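Asker: Pasting in a structure now, in structure tokens, and then I'll have a few things to ask.
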Amino acid sequence: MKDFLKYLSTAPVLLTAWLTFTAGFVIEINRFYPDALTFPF
Amino acid sequence: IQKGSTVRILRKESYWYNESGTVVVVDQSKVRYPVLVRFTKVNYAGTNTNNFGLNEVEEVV
Amino acid sequence: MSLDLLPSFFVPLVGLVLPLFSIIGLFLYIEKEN
Amino acid sequence: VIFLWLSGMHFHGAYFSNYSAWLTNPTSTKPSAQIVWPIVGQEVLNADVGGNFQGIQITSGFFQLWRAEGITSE
Amino acid sequence: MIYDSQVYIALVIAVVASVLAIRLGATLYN
Amino acid sequence: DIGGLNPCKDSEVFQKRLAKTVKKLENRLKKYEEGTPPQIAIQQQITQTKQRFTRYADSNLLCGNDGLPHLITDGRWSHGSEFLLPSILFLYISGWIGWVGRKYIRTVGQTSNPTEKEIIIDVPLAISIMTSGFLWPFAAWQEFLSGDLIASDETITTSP
Amino acid sequence: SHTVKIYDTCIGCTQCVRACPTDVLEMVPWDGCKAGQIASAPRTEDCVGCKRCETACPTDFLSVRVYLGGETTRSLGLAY
Amino acid sequence: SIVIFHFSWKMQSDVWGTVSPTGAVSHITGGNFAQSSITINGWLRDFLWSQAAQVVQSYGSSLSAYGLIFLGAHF
Amino acid sequence: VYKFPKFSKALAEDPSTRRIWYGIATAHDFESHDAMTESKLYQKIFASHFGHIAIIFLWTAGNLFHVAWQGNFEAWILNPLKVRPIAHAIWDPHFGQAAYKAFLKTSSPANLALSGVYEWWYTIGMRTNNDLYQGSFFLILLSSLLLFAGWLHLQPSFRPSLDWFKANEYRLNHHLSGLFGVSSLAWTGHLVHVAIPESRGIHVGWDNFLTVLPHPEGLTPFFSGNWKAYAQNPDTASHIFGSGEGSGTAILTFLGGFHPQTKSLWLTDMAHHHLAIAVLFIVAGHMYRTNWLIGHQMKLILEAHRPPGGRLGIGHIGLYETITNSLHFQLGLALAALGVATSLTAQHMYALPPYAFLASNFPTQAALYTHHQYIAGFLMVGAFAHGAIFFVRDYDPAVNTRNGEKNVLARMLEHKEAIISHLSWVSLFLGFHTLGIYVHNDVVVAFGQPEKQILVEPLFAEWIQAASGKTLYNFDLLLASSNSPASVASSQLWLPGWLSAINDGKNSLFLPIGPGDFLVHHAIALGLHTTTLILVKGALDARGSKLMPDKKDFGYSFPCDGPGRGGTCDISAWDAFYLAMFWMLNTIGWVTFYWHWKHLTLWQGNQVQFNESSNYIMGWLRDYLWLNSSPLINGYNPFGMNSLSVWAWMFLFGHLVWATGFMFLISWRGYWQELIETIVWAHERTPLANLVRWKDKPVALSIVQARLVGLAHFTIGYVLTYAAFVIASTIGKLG
Ligand code: CLA
Ligand code: CLA
Ligand code: CLA
Ligand code: CLA
Ligand code: CLA
Ligand SMILES: CC1=C(/C=C/C(C)=C/C=C/C(C)=C/C=C/C=C(C)/C=C/C=C(C)/C=C/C2=C(C)CCCC2(C)C)C(C)(C)CCC1
Ligand code: SF4
């Protein structure tokens with residue numbers, strides 16, 4: 001698991017993981033607080 | 001300048017103009033461009049070294 | 001000859017004869033030698 | 001990869017489809033095998049395909065192929 | 001409605017402007 | 001008010017839009033049966049539509065003649081939650097991203113193989129730099145003061 | 001015919017001459033570089049302008065330069 | 001693209017449709033392929049413009065994704 | 001195979017068809033011709049200018065003659081709001097009986113006039129088909145004058161020298177004062193003498209003009225200084241144009257706004273405008289020094305303008321010799337000024353219609369705006385292209401540099417990377433966010449929830465509208481307020497006319513704007529910035545870059561530098577123009593789409609359709625293009641045809657030319673040379689055709705020529721299809 005972790009450190013895998021996480025928290029914010037046109041405050 | 005010295009390229013038509021390179025060897029013969037400089041950035045043709053004249057390189061302090 | 005016959009006299013004249021003579025002249029000119 | 005794709009198609013037919021309703025009314029129920037999650041207002045994509053079902057109408061003809069195979073259950 | 005004389009002389013004057021145009025065209029050389 | 005607009009809480013066309021959307025959703029709801037998941041989904045759609053319209057009404061939002069919320073982005077703090085606060089939020093987040101990217105580029109630019117560490121990210125160092133971007137406004141106005149933010153004449157220039 | 005010029009940045013590596021498809025360039029004696037040779041263009045009437053010569057040039061901004069000019073049946077590569 | 005356009009228009013105009021109980025055949029478009037598919041203006045108007053009505057009027061309906069993909073594919 | 005490119009021996013020796021193609025495309029590049037001097041260059045340009053002005057005057061004379069002969073100008077005078085103007089008659093042997101019947105207007109098939117010449121000539125005081133004939137006769141005489149002058153100034157004793165051509169001060173004094181001021185003075189004279197009484201029913205022709213006083217007092221107030229007398233008793237609010245009912249006696253007034261009947265600017269307003277412009281330009285034409293010891297030497301003015309602290313380098317010291325010795329710098333400046341001027345014409349002739357009954361001529365309004373905006377884009381691209389040409393072939397760094405320090409122009413090549421980088425940043429910013437908001441609106445509306453749209457009220461632009469007096473946005477700012485000093489100052493001069501026009505829903509003066517206007521203006525800004533980025537990058541990078549640090553040695557237009565160094569496709573400055581032409585066409589398309597849709601909704605009355613559907617892309621596609629294309633495509637159907645049949649044919653023709661451009665742009669050379677070789681073999685190896693052989697060897701079009709041909713097809717198809725669409729849609733929708 002020394003080269004597998006290095007493989008997971010490559011640009012495509014890291015970008016895919018980061019974009020999946022990013023889309024995930026964006027989608028979940030929009031699920032829990034939907035239809036947010038202005039700042040909540 | 002000598003082998004291993006750091007110089008700034010003063011040739012305007014150069015992919016490494018205003019950049020710093022490492023002198024590989026300064027020829028002592030009567031050639032026109034004796035200074036051979038190696039760079040970290042490859043040019044558009046893929047090469048990373050070029051021969052420069054004595055007045056086209058400026059040593060970095 | 002009325003004024004309304006002028007279109008039928010001129011439109012064929014211009015739009016067909018002038019191309020023919022212009023093509024003849026231009027082809028002759030551009031195919032010349034020295 | 002092809003086998004995984006086919007397995008996904010059959011799984012969607014089994015779980016997220018109105019295949020059972022379409023079997024009893026092939027001429028009046030539109031085949032649907034993909035339901036859409038209710039996010040950012042995209043749930044409008046779940047169409048009135050019939051058979052007490054909401055989803056995207058399927059144009060790949062899997063329902064007809066499954067019926068021709070004799071598959072009568074999910 | 002303009003007459004035949006009006007159109008005819010305008011055509012004649014247009015011809016004169018044409019001969020002046022080729023003279024300028026030929027003077028600007030081949 | 002501003003620009004001839006009126007608050008959406010007193011905009012008749014806004015309420016007409018809400019009523020028409022609710023009526024369409026209820027008409028769609030009529031063609032399903034009992035407490036079946038389709039009816040539950042349509043009821044959730046109706047509830048969310050009502051909640052969204054109510055929130056937009058009670059939001060200091062100005063509606064035009066079409067009954068849609070218009071954004072007042074001239075800079076006034078009265079309508080500051082429409083553009084200004086999201087603007088600050090995005091500026092913070094994007095400055096964070098740019099700062100951590102620049103810091104990673106400059107950090108692995110002083111190693112033996114700078115190009116290798118760009119396709120194969122040093123995840124420990126990347127994580128170290130990324131969580132340090134919360135001070136990007138302060139770090140930027142501490143590196144600009146020291147002259148470490150801008151290059152001067154080592155930058156390359158074309159022939160003319 | 002196209003114009004081909006050689007500049008004293010030539011290092012005499014011969015890669016231009018052995019890349020010319022129409023035998024335009026040749027290596028001639030010189031005393032301005034270590035190899036003691038410089039490229040020459042004595043048969044530019046056969047130059048086609050394909051610029052393979054300067055694709056093989058290792059010097060920084062080239063030592064062989066091809067300037068396209070008047071066209072000829074030889075320079076246009078016309079077999080007809 | 002030309003092949004699939006020919007198939008779509010010909011089928012909609014001269015095969016597909018409904019049959020009345022007395023045996024009268026009414027097609028989706030109404031047999032306009034025979035007389036209006038012989039000019040490029042016919043293809044532009046009676047096929048592209050005419051059958052693109054459903055795509056452009058899909059907003060707000062369950063087919064709105066098709067309009068969005070229409071626009072995105074144009075882009 | 002010889003003697004055609006007389007100006008180029010290099011081309012005349014080409015054994016291929018490329019010689020003919022390049023002979024056409026290099027005929028006007030006089031600086032590149034064989035045996036070329038500067039004196040011959042300026043003399044040939046001078047003669048070509050004369051021939052060009054003659055061509056323009058002949059074109060105007062032809063328009064006048066064809067309106068006088070085959071038009072319905074006289075009938076249109078008596079009923080300008082119902083009679084449709086006729087451009088010229090049609091005689092086409094290919095017409096069927098149906099086409100003849102549909103195009104039949106009065107006595108012969110004819111084309112409606114969309115140039116607005118009827119309204120323009122009616123406004124300036126033309127009421128007879130014999131007035132138009134006189135104008136055509138006079139313009140042909142003027143064309144003959146200009147042709148004679150062009151011939152004369154190539155004669156040995158009448159050819160001007162370089163000093164005369166480069167005499168900047170004399171030419172500026174004369175151009176400004178004489179041309180602008182005196183032409184404005186003469187136009188004011190005509191306006192008053194002829195146009196003002198003709199709008200009041202009094203005929204002032206070439207017979208009773210020395211005896212019909214333009215004003216009852218008759219030049220007495222002018223010399224006496226009682227200039228207010230020319231403004232007393234203006235035209236009333238019940239004046240019928242062309243008739244004495246409700247008319248006045250004033251000739252120079254401030255009224256502001258529009259005529260209550262013609263919905264156009266007051267003739268007395270325009271006469272006063274031209275008189276003021278004439279006085280100002282005649283005054284300004286005395287600035288520069290001539291043979292009488294007073295005036296300015298512009299070399300000294302340019303050299304003395306260096307900021308003392310020092311931020312522009314050495315200033316403008318080398319600019320005088322730079323501009324004087326370069327014809328491409330001057331051409332670029334002139335083209336930029338002309339582009340801005342014609343953009344101004346387009347933007348003002350719809351908001352402030354100057355001709356009687358032109359506001360109600362919707363097809364001609366749309367045609368005029370589209371024509372002038374396209375000409376504006378062309379002129380701007382030409383200005384930038386000639387700036388790039390100046391950089392390539394006329395710029396001298398030594399002249400623009402004094403002791404190492406660089407002047408104001410040479411410093412533009414030092415921070416060229418900064419300029420290009422910031423243009424790129426602005427373009428990316430605007431594109432990203434305009435497209436993001438548009439796609440957000442698309443998705444949100446498509447999902448059936450239009451309330452979640454992002455709609456930004458254009459408060460900055462609405463602020464400007466309120467500043468000019470529009471009381472629609474409740475700003476109460478400068479002229480929307482009756483107590484502000486801006487309003488009290490002109491409350492007695494031109495506000496009552498101006499306010500009555502700006503605060504009117506039927507005008508195009510300061511059209512009401514909403515979020516759709518905001519988004520489309522940002523799209524327009526993105527288009528302008530991207531076109532500017534391409535053109536500025538090509539101009540600054542014309543002399544060289546990192547990929548080609550000797551680009552100036554290859555000229556303005558060359559195909560490439562080869563596949564080496566990674567590939568150098570489209571690396572020349574000409575290629576930057578070629579790429580920016582697409583962006584200019586796209587930007588002008590956006591501008592004209594916005595204008596036409598806004599005005600179609602305004603004229604039809606459904607302005608709510610634009611205000612709601614213009615915020616998302618599908619709204620545009622469905623409600624502008626798909627909706628208004630219905631009348632156009634039904635110009636001919638399997639059932640019949642209409643007078644709009646020609647517009648549908650032009651629509652399809654434009655699409656075809658566009659796609660042929662796509663041919664010439666996507667498929668490059670090399671693929672067409674081998675095919676041509678196969679065709680050559682086939683011709684050479686076939687009997688009964690071996691008897692015929694070519695003189696020029698057939699070869700594929702060159703890379704640059706192919707780019708030009710594809711661009712020409714793209715542009716011609718673009719222009720033709722949009723002209724057909726706009727005209728046919730306006731005609732078929734608004735009756
Ligand atoms: C540039 C101006 C211009 C243009 C574009 C047209 C266009 C047209 N004219 Mg026309 N015309 C013009 C000026 C013009 N006219 C003038 C000034 C006169 C007065 C002599 C006439 C008298 C005239 C008559 C009597 C008739 C036309 C007709 C026509 C139509 C068919 C073409 C034809 O037969 O031409 C014939 C044109 C002439 C005999 C006159 C010469 C035209 C001008 C003087 C030459 C302009 C040359 C131009 C600037 C550049 C030339 C390019 C060349 C080197 C290739 C066409 C719409 C016909 C028509 O109405 O059909 C329906 C027709 O019967 N014209
Ligand atoms: C201004 C341009 C112009 C004009 C005036 C015409 C005029 C004409 N075209 Mg034409 N055409 C043009 C451009 C033009 N074309 C172009 C650019 C194209 C290609 C897109 C075509 C393609 C085209 C086709 C495909 C056809 C025509 C036809 C015709 C004729 C109309 C049909 C008819 O009733 O006549 C009936 C014709 C006759 C009764 C006999 C006419 C024969 C010639 C023209 C008479 C010339 C007399 C001449 C002075 C004789 C010289 C002396 C000689 C005996 C030695 C008419 C002569 C039709 C036609 O008649 O074909 C011949 C036809 O089929 N055209
Ligand atoms: C993450 C580091 C980073 C930083 C600090 C910048 C900073 C800048 N870029 Mg830039 N850029 C980046 C990445 C970055 N860029 C990448 C990856 C690309 C390739 C798509 C570009 C492409 C690009 C262009 C084409 C242009 C700029 C421009 C600019 C300048 C103006 C800001 C702008 O327009 O943003 C531009 C930003 C984008 C187009 C999107 C960037 C894509 C993502 C968000 C960045 C990558 C994140 C990265 C993976 C994080 C990894 C770090 C982690 C491992 C620790 C500014 C100097 C402009 C300029 O010169 O103006 C002066 C300009 O024209 N950049
Ligand atoms: C009073 C004397 C006089 C007059 C009337 C002219 C007139 C002319 N000269 Mg000329 N010239 C003169 C003296 C004069 N010159 C002298 C003394 C010299 C020697 C020093 C020259 C040397 C000279 C050369 C070398 C050339 C000319 C040319 C021309 C012609 C320009 C083309 C044209 O028709 O423009 C017509 C233009 C107008 C009628 C006015 C244009 C209106 C503009 C576009 C509107 C601007 C309004 C406003 C500013 C817009 C901006 C909005 C604002 C808010 C900023 C024009 C006929 C050129 C030509 O074509 O030769 C034949 C040419 O090449 N001249
Ligand atoms: C008054 C303005 C003006 C003037 C004096 C010039 C003058 C000049 N330009 Mg220039 N230019 C202008 C405006 C102007 N241009 C504009 C507005 C643009 C932007 C479009 C350009 C773009 C431009 C480029 C890119 C280049 C020039 C070049 C030149 C020089 C040589 C011109 C040449 O060889 O012509 C050749 C003429 C042709 C090839 C004829 C082209 C005709 C086109 C394709 C239209 C014809 C199709 C027609 C519409 C048919 C209709 C189709 C029908 C079915 C409807 C010359 C000094 C060239 C140069 O080397 O400069 C030093 C050069 O490379 N110019
Ligand atoms: C490349 C080049 C070139 C070209 C350039 C160009 C093409 C440019 C353009 C330019 C432009 C195109 C510019 C524009 C400008 C504009 C302006 C500058 C404007 C201004 C305005 C104003 C200032 C206004 C003001 C006002 C207002 C706003 C309100 C009302 C009143 C008043 C008036 C106050 C040349 C050849 C030269 C040379 C070489 C280089
Ligand atoms: S072009 Fe370059 S390669 Fe081809 S012949 Fe001339 S020199 Fe040799």
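Starting from 1 in every chain, residues are counted up; chains themselves are A, B, ... following the order of the structure tokens, and ligands are numbered from 1 as listed.
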Which residues come within 12 Å of residue 17 of chain B, counting only C-alpha atoms, excluding same-chain residues fewer than 2 positions away, as number ranges by chain?

Answerer: B: 7-15, 19-21, 39, 41, 43, 50, 52, 56-58; F: 153-159; G: 60-61; I: 545-546, 549

Asker: Write out, as a tab-separated table (two decimals), in the first residue's frame, the residues just selected, with N, CA, C and O atoms.

Answerer:
```tsv
chain	number	residue	atom	x	y	z
B	7	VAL	N	23.93	32.55	-14.87
B	7	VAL	CA	23.96	33.71	-15.76
B	7	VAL	C	22.54	34.05	-16.19
B	7	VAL	O	21.65	33.20	-16.20
B	8	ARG	N	22.35	35.32	-16.54
B	8	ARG	CA	21.10	35.80	-17.11
B	8	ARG	C	21.26	35.96	-18.61
B	8	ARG	O	22.26	36.54	-19.07
B	9	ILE	N	20.30	35.46	-19.37
B	9	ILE	CA	20.37	35.52	-20.83
B	9	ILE	C	19.98	36.91	-21.29
B	9	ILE	O	18.92	37.42	-20.94
B	10	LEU	N	20.85	37.53	-22.09
B	10	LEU	CA	20.59	38.85	-22.65
B	10	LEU	C	20.21	38.80	-24.13
B	10	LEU	O	19.95	39.85	-24.72
B	11	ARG	N	20.17	37.62	-24.74
B	11	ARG	CA	19.75	37.50	-26.12
B	11	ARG	C	18.24	37.66	-26.21
B	11	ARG	O	17.49	36.93	-25.54
B	12	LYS	N	17.78	38.60	-27.03
B	12	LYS	CA	16.36	38.91	-27.08
B	12	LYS	C	15.56	37.81	-27.77
B	12	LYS	O	14.44	37.49	-27.35
B	13	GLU	N	16.11	37.20	-28.81
B	13	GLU	CA	15.41	36.15	-29.54
B	13	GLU	C	15.62	34.78	-28.89
B	13	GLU	O	15.89	33.78	-29.54
B	14	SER	N	15.42	34.73	-27.57
B	14	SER	CA	15.71	33.54	-26.80
B	14	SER	C	14.49	33.15	-25.98
B	14	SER	O	13.82	34.02	-25.40
B	15	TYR	N	14.20	31.85	-25.92
B	15	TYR	CA	13.16	31.35	-25.04
B	15	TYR	C	13.50	31.54	-23.57
B	15	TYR	O	12.62	31.40	-22.72
B	19	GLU	N	15.87	35.24	-18.20
B	19	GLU	CA	15.87	34.13	-17.26
B	19	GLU	C	17.29	33.74	-16.88
B	19	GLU	O	18.27	34.16	-17.51
B	20	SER	N	17.40	32.92	-15.84
B	20	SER	CA	18.68	32.48	-15.32
B	20	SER	C	18.93	31.03	-15.68
B	20	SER	O	18.02	30.19	-15.58
B	21	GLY	N	20.16	30.73	-16.11
B	21	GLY	CA	20.55	29.38	-16.42
B	21	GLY	C	21.89	29.04	-15.79
B	21	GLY	O	22.55	29.90	-15.19
B	39	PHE	N	19.17	25.07	-18.91
B	39	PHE	CA	18.01	25.66	-18.26
B	39	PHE	C	17.08	24.56	-17.75
B	39	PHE	O	17.13	23.41	-18.21
B	41	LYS	N	13.67	24.99	-17.82
B	41	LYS	CA	12.48	25.05	-18.65
B	41	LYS	C	12.85	24.73	-20.09
B	41	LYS	O	13.69	25.41	-20.68
B	43	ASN	N	12.36	24.72	-24.07
B	43	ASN	CA	11.81	25.70	-24.99
B	43	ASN	C	10.68	25.06	-25.79
B	43	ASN	O	10.23	23.95	-25.50
B	50	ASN	N	21.56	25.67	-24.70
B	50	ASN	CA	21.90	26.48	-25.86
B	50	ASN	C	23.26	27.13	-25.65
B	50	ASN	O	23.68	27.35	-24.52
B	52	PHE	N	25.64	30.37	-25.99
B	52	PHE	CA	25.50	31.82	-25.97
B	52	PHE	C	26.86	32.48	-26.06
B	52	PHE	O	27.89	31.90	-25.70
B	56	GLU	N	26.21	37.99	-24.35
B	56	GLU	CA	24.79	37.67	-24.25
B	56	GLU	C	24.43	37.01	-22.93
B	56	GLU	O	23.27	36.61	-22.75
B	57	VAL	N	25.38	36.87	-22.01
B	57	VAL	CA	25.13	36.29	-20.70
B	57	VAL	C	25.67	37.24	-19.64
B	57	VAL	O	26.73	37.84	-19.81
B	58	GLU	N	24.91	37.38	-18.55
B	58	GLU	CA	25.30	38.24	-17.43
B	58	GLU	C	25.25	37.41	-16.16
B	58	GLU	O	24.18	36.90	-15.80
F	153	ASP	N	11.94	41.69	-12.72
F	153	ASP	CA	12.51	41.68	-14.06
F	153	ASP	C	13.09	40.34	-14.49
F	153	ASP	O	13.64	40.25	-15.59
F	154	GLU	N	12.98	39.29	-13.67
F	154	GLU	CA	13.32	37.96	-14.12
F	154	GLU	C	12.25	37.38	-15.03
F	154	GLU	O	12.47	36.34	-15.65
F	155	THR	N	11.09	38.03	-15.11
F	155	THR	CA	10.04	37.60	-16.01
F	155	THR	C	10.48	37.78	-17.46
F	155	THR	O	11.15	38.76	-17.80
F	156	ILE	N	10.09	36.84	-18.30
F	156	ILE	CA	10.53	36.82	-19.69
F	156	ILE	C	9.66	37.75	-20.52
F	156	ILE	O	8.48	37.97	-20.22
F	157	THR	N	10.25	38.30	-21.58
F	157	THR	CA	9.54	39.20	-22.48
F	157	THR	C	9.87	38.81	-23.92
F	157	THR	O	10.95	38.31	-24.21
F	158	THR	N	8.91	39.04	-24.82
F	158	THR	CA	9.11	38.74	-26.23
F	158	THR	C	10.11	39.72	-26.84
F	158	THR	O	10.63	40.62	-26.18
F	159	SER	N	10.39	39.53	-28.13
F	159	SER	CA	11.40	40.34	-28.80
F	159	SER	C	11.05	41.83	-28.83
F	159	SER	O	11.92	42.64	-28.47
G	60	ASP	N	18.85	27.93	-30.41
G	60	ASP	CA	17.75	28.48	-29.63
G	60	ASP	C	16.63	29.03	-30.51
G	60	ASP	O	15.56	28.43	-30.58
G	61	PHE	N	16.86	30.16	-31.19
G	61	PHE	CA	15.93	30.51	-32.25
G	61	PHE	C	16.53	30.24	-33.62
G	61	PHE	O	16.72	31.18	-34.41
I	545	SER	N	6.98	37.36	-31.05
I	545	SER	CA	6.55	36.78	-29.78
I	545	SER	C	7.62	35.77	-29.35
I	545	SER	O	8.73	35.75	-29.89
I	546	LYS	N	7.28	34.94	-28.36
I	546	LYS	CA	8.22	33.90	-27.96
I	546	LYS	C	8.26	32.77	-28.99
I	546	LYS	O	9.32	32.19	-29.25
I	549	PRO	N	10.10	35.12	-32.58
I	549	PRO	CA	10.68	36.43	-32.24
I	549	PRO	C	11.18	37.23	-33.44
I	549	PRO	O	11.80	38.28	-33.27
```

Asker: As a quick test: using only C-alpha atoms and all ligand atoms, which residues lie no more than 6 Å away from ligand 4? Give them as a VMD selection string.

Answerer: chain I and resid 46 49 to 50 164 to 165 167 170 to 171 174 to 175 178 to 180 341

Asker: Could you list, as JSON, numbers by chain, the residues of chain I having an atom within 10 Å of chain H when counting only C-alpha atoms?

Answerer: {"I": [439, 442, 443, 444, 445, 446, 447, 448, 449, 450, 617, 618, 619, 621, 622, 623, 626, 627, 629, 630, 632, 633, 634, 635, 636, 637, 638, 639, 648, 649, 651, 652]}

Asker: With distances taken over only C-alpha atoms, which residue among G:29, G:58, G:69, G:12 lies nearest chain B?

Answerer: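 Selected residue with least distance to chain B: G:58.
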
Asker: Please produce, as JSON lines, a per-residue contact table for chain A versus ligand 3 (criterion: any atom at most 9 Å away, only C-alpha atoms and all ligand atoms considered), showing the nearest atom pair and its distance in Å to one decimal, sorted by chain then residue number.

Answerer:
```
{"residue": "A:11", "atom": "CA", "partner": "ligand 3", "partner_atom_place_in_ligand_line": "49 (C)", "distance": 8.6}
{"residue": "A:14", "atom": "CA", "partner": "ligand 3", "partner_atom_place_in_ligand_line": "54 (C)", "distance": 8.8}
{"residue": "A:15", "atom": "CA", "partner": "ligand 3", "partner_atom_place_in_ligand_line": "49 (C)", "distance": 7.4}
```

Asker: Which residues are close to residue 15 of chain D, i.e. within 12 Å by only C-alpha atoms, leaving aside same-chain residues fewer than 6 positions away? Reply as a PyMOL selection string.

Answerer: chain D and resi 8-9+32-35+73-74

Asker: Take the selection from the previous step and output its residues with C-alpha atoms, as a tab-separated table (two decimals), in the first residue's frame.

Answerer:
```tsv
chain	number	residue	atom	x	y	z
D	8	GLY	CA	-27.14	-1.76	-14.25
D	9	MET	CA	-29.91	-1.75	-16.84
D	32	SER	CA	-39.77	4.31	-17.49
D	33	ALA	CA	-36.77	2.86	-15.67
D	34	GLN	CA	-34.97	5.88	-14.14
D	35	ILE	CA	-36.33	8.06	-11.34
D	73	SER	CA	-41.54	-10.18	-12.70
D	74	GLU	CA	-39.05	-7.68	-11.35
```

Asker: With only C-alpha atoms and all ligand atoms counted, collect every polymer residue having an atom within 10 Å of ligand 6; state the result as a PyMOL selection string.

Answerer: chain I and resi 322-323+326-341+379-392+394-395+409+412-413+464+532+535-540
